[PDB]
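Quick mapping for you: the protein sequence lines, in order, are chains L and B. Taking the working numbering, the leading residue of the first sequence gets 1, the next gets one more, and so forth. Taking the working numbering, the leading residue of the second sequence gets 51, the next gets one more, and so forth. Below: one structure, written as C-alpha cells.
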Amino acid sequence: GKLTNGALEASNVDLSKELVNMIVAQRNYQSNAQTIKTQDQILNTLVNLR
Amino acid sequence: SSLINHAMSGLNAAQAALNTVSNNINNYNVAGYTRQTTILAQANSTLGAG
Numbered sequence: 001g002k003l004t005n006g007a008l009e010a011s012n013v014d015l016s017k018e019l020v021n022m023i024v025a026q027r028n029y030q031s032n033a034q035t036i037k038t039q040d041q042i043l044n045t046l047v048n049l050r
Numbered sequence: 051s052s053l054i055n056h057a058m059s060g061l062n063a064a065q066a067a068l069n070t071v072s073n074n075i076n077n078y079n080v081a082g083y084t085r086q087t088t089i090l091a092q093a094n095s096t097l098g099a100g
C-alpha cells in the first residue's frame, strides 16, 4: 500500500476490548481458582479418610 | 481514541477556518489583497478494520 506524509497509525487497541477481556480473564482465573479450592476439598477429604 | 481523534481533528479544521475568515475580513480593504478561502478534505482512510 501507499505511505502517508505527516500522519501516523493508531495502535490497534480499542481499550474497551482489552478491558472487558480483562474482566473475562479475571473470571476464568477465579473459576479455576475455585476448582483448586475443590481440589483441596477432595484432598483434605482424603486426609479425613484416615 | 479514534472518536476523540475525530472530535479534535474537526476542531483543528474549525480553528483553521476561523483563522482564515478573520484574516480576510481584517485584511478586507487593502488594495491588492484578494479574498482567500480555506478548504477541507478527508484523512488517508485506509482499511484493516474489516
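Think of the CB as a built atom: it goes at the ideal place given N, C-alpha and C, for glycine as much as any other residue.
Any beta-carbon of chain L closer than 8 Å to the one on residue i?
| i | result |
| --- | --- |
| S59 (chain B) | no |
| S51 (chain B) | yes |
Would you mind stating whether residue i and residue j have Cβ atoms separated by less than 8 Å?
| i | j | result |
| --- | --- | --- |
| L15 (chain L) | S52 (chain B) | no |
| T70 (chain B) | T96 (chain B) | no |
| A57 (chain B) | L90 (chain B) | no |
| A7 (chain L) | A93 (chain B) | yes |
| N76 (chain B) | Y83 (chain B) | no |
| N74 (chain B) | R85 (chain B) | yes |
Taking Cβ positions only, does residue i come closer than 8 Å to chain B?
| i | result |
| --- | --- |
| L19 (chain L) | no |
| residue 52 (chain L) | Residue 52 (chain L) lies beyond the residue range present for chain L, which begins at 1 and ends at 50; the question has no answer from this structure. |
| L8 (chain L) | no |
| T35 (chain L) | no |
| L15 (chain L) | yes |
| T45 (chain L) | no |
Taking C-beta pairs closer than 7 Å, name the residues in chain C that residue i reaches, listed in chain order.
| i | result |
| --- | --- |
| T96 (chain B) | This model lacks chain C altogether, as its protein chains are L and B. |
Problem set entry | Selection of the region 74 to 94 of chain B by Cβ proximity to chain L, strictly under 8 Å | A93, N94
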